[PDB]
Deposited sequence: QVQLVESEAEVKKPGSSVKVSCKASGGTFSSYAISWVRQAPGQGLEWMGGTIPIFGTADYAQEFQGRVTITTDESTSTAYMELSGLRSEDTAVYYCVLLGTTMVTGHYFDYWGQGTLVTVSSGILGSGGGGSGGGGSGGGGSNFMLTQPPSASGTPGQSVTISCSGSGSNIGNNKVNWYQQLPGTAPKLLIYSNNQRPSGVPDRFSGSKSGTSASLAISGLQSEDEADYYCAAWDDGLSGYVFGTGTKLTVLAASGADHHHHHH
């Protein structure tokens, strides 16, 4: 399963940009495509997405007016257009496949590597965390009843200069490939990611996330920079 987004684009203020992404080697029609952006040095912001079967698009309220998401089933290609470009809109624009696995049918999540385009509610996380290799650290995520209280929590790892990767879904489930030293949990309006037997490769940004019934949008945490201190 393979994502290819459009090449990096410099753009004039006031204009509009269409980012594309093409997906290969799966059932395109069975995926939800979502779009998430990240300004340099900053966090994640859901713009919107399509849902399968119905083919209907939906949008984060800060972007209503300005965004048109569209999907071409023929070419297995999603498109995101945002207009009225300001400097604030400078960001890496990620397309994200959401789906269920073929055999067991559990959730999964695949992020494109992002299109840099050159020209805000969030869950609470501590800004930083650290440990020496072998140690255990726990990263916390705090929200409210309308999000973490009522909805499934995901955790995303983000290595420097790379796209987020799903670590935990459905509060405590690990995708295939994720080591059992990562553990998820939630209780009330609060969630936790536990990392045991810490390794240098874990130096990364960790984001919790969940849907919010009040806002009617997908909400990321402020993120936690985990520094693995030698040694």
Note down, first to last, the deposited-sequence stretches for which the model contains no C-alpha atom. 1, 121-142, 255-264
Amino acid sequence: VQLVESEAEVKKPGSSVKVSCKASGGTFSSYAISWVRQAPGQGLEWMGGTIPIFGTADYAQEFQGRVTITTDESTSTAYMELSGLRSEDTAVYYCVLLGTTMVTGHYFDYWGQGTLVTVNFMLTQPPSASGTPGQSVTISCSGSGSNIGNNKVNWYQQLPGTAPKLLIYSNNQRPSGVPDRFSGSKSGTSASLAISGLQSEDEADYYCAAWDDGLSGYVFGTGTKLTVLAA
From here on, numbers count along this sequence of modelled residues.
Greater mean Cα temperature factor according to the PDB record, 81-89 or 105-113: 81-89
Mean Cα B-factor check, 195-203 vs 66-74, entry values; winner is 66-74
Going by the entry, which of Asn120, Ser128, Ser140, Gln135 has the most elevated CA B factor? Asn120
Ranking the modelled residues of this chain by C-alpha B-factor as given in the entry, is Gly217 in the lowest, middle or highest third? lowest
Would you mind checking where the Cα B-factor of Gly41 ranks among the modelled residues of its chain, as the lowest, middle or highest third? lowest
Grab the CA temperature factor for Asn171 from the record and place it in the lowest, middle or highest third of its chain. lowest
Consider only the C-alpha atoms of the modelled residues in this chain, order them by B-factor as the entry records it, and name the third containing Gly26: lowest, middle or highest. highest
Third of chain Cα B-factors occupied by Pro164: highest
